Every structure is written in C-alpha cells, then in structure tokens.
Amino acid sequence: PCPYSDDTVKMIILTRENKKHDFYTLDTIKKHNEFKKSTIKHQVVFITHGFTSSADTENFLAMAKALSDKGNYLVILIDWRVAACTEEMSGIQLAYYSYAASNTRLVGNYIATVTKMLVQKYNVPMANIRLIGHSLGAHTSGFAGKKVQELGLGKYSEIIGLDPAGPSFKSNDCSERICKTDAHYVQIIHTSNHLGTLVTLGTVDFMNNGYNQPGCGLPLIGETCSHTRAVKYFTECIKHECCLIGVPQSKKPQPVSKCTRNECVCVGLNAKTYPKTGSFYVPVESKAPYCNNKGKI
C-alpha cells in the first residue's frame, strides 16, 4: 500500500545549462551531462517534497530555478511520489500519512547514498551540499543527515526544513525526526501548526507567526495553504536576499526596521552567516513576494 523501493525513487537534475525535466534513477544518473565529469564543481542542493506531492510541482520547480539561476548550483529534486502515497489518495488519509511517514527514513537513506557518490565519485565536499525538505520531506532530510554521519562522511553543510510535518514527529526524540544536530546548520521555517508544528527543531527556528498564514484564508480551512507558504517563502528568500528578516522571538518583538546583523537574521541560504541563533519572529505580507523589508543587514 503506497510502497517504497530504490528503483521507485527518481531525481530531476537541474543546472543553469540543463533544464531537461528528465528523471534519472541511481542507474541512469551517470548519463546526466553534469555527471559526465569526474569532478562536480557546483554547489549541490537536494529538494524533497512531502506527503502526497511530487518533485514536479510549481512551488518546488520554482525553487529549483531560483537556485539554478544563481550560477554554480546543481539541483537534485527527490521524487518519491509512490512512497509518499501521492499515486493513490483513495480514502483513509490518516493510514496513508502513517505509511509515508515511516517511508521517510528510507528516502533519507536514498539521499545519503546519492550523497556518498557525489562525495567519493565526484569529489563534492560535504561543505558544498545542502538539503531542502518540506513537511515529511523535512524529516526525510534529517534522516539523510543522520545517515551520512553514520556513513563516516561528516555532516551536511546545512539542512533546511520547510514547515516540518508535526503529526507523528512533534514529540519524537532527536533520533526519530529532523533535529538541530543533523547538519552543521539546521534552518527551520515554521508556517502551519496543525499540519506543521510549533515545536523547536533546528539551530534557528523562524516563526513566520507561525500559523494562519496571511492571505491563506481562515484558520483551519486555510491550513494547507499556510503549510505550503513555507516552500514559497524560502523561494522568495533565495530570489531576494533578506526578503524575510527575523527578530529574536519575543512577546513584544521589535520591528524589522530596528534590525542589525548582530541580533536579527535574514532567512535564506545565508542564514548561518548571521551570529544570532534560536527562535525568531518573522512578520509577513499577504501576497508574493511576502517580504518584510527593503533593507539588507
């Protein structure tokens, strides 16, 4: 029922000069142009979707483009639609979710396997790799982060969890969910509180409120849209640096206007370049690009 298997998992490799939306498997991976080299020079970013979704959705493809259009980025979108239960939503959602939930560790091993090859067969340093995951894909990402460590490879430079799935993980121990230790830097974007979780999970946790996303609708009816805003938020931050600025999580957070690079953080690829750590409040707009300020820090 909505099964897992390595031959069933596929990838889409995108570089500035390779937008062929073709799918590769661990076999056909070497047939990719960028993989015809002996050394891969680009920054590598894996993107993994969650429950009942797929790599070729608008939101994830946009993210792949905003990265690939930066120049030295090789993007690998991980597609596990089958094990994610996407190929069959016929009823019992709660049973399905629980199946895809448990498949998260396997897709994570898959990612780690591909990672081992980039490192040992293409000379890609771990400092050059990042994982990006949404909902269940976020836990997938961390399990991958745990696995590479086990494989004696070291830690990923950064793992970005886009609104990490809450049910079945909220109160798990660090070993059974995305966790602040899975990479050198773990960046968490929180947007929904039913499909997602307010629970703190990374080096830095950005609390884009963090529930009832503005413009998404009513509190629960709009839950799925608030869940998806995490993917769209991160994309705008890749596109426009400092689009979203976060302030030290407070009951009376200061305004973004008062920010300095010593206590606030610009959500995005360079979040780790800012020294402050922990939870941050991050106000947002109701329509794209949602940015909460024009200045940079």
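Note that residue numbering follows the sequence shown and begins at 1.
Taking the PDB entry as given, 80-88 carries the higher mean Cα B factor of the two stretches 80-88 and 195-203. Look at the C-alpha B-factors of 173-181 and of 114-122. On average they run higher in 114-122. Residue-level inspection of the entry shows that, of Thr228, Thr235, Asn33, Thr48, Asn33 has the top Cα B-factor. Comparing the listed residues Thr52, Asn270, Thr260, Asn59, the entry records the largest Cα B-factor for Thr260. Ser141: CA B factor lies in the lowest third for its chain, per the PDB record.
When the modelled residues of the chain are ordered by C-alpha B-factor, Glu150 sits in the middle third. Annotation for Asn72: CA B-factor lies in the highest third of the chain's modelled residues. Ranked against the other modelled residues of its chain, the C-alpha B-factor of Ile188 as given in the entry falls in the lowest third.
Per the PDB record, residue ranking by Cα B-factor puts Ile29 in the highest third of the chain.
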